[PDB]
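The chain below stands alone and is given in structure tokens; this is the form deposited in one PDB entry.
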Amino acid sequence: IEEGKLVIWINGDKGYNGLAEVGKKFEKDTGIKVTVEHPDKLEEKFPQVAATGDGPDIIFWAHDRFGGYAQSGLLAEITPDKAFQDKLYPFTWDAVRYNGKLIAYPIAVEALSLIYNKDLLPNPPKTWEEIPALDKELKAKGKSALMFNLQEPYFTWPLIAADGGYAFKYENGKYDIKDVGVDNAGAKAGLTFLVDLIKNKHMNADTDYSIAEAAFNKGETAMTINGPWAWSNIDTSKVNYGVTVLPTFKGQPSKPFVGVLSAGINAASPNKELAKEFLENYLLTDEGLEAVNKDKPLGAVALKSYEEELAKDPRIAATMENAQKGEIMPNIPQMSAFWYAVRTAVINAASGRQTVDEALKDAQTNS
């Protein structure tokens, strides 16, 4: 928006204060002010304002939305040399590759894990099926078993894919936007199990991110499903928590969608050359990632040198275990329509506004 200045967008649940400290260091060396912002509905606002030539110089988000940004002509292409590419894991470069070209810098790998209060529960349930009973146990104590965000399909998908649900079929190197696994046997089995947990009064269809966060941190509930960014507030709350494998559904592991936090450069930015400097030489160093990680954990970072340290953290290992059992999100432009559709279906099945079979049939159609 302004030559001589950097504006950076990152979602509110990340370490935007840590990233601002890396911005201060950048301003110290170059005199370029770095403003970090965390707008609401970020993944949606950027394509709106970027399409008219506005928005941030740099946009942060999971990789799945960038292929759509790239196809809409909203992203400048990045120009990291092989030397710099060698500092990040190749598989993280693969998440930001689109139509042959790198379209963003990978930051860190993110996956949902099961988070549990050890005092309330020293033996996390291996299966989803034993939760309803363990909930009536805890609800006699005054507590509850599980509270996690129901308003975003990201947190419900692991249970949906467990029994066979999928987004787009991956075969020979091309994604089939005609073959969609949102309304197949597995998906409706996983979603129905969620609705029944709601119907049977175990969970609450109104539960969102803030609700589930406070309930857990305040020890009102025994378990939650979340990613690395959320551990800080749990440290602050002092709850004795463990991070472990997601429960299985019908003997098969929860299959969470794996995300790779990525940074793109607005095609309309008059500061591309300085955006490259900041991202490669200031952010993606052992020091830049530490600054962000100290505010909110990034997960398993792309930077080899710094991931070597973080990998030893057991909470990070559980993230990678649930990650192997999951799958990397596709970045094709159709990923937005898939999420929108799955967002509407999960919300409608939980609220009773639609049958499972209805909700998912609509989602299969509108994907």
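Numbers follow the displayed sequence, beginning with 1.
Beyond what is shown, the protein has a form deposited in another entry; the following relates to that form.
- The chain shifts as two rigid parts between this form and the one not shown, and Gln85 rides on the other part from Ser210.
- An increase of at least 3 Å in the separation of the C-alpha atoms of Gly227 and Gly12 is found in the other entry, compared with the displayed form.
- Relative to this form, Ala311 and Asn123 approach one another in the other entry, with their C-alpha atoms ending up at least 3 Å closer.
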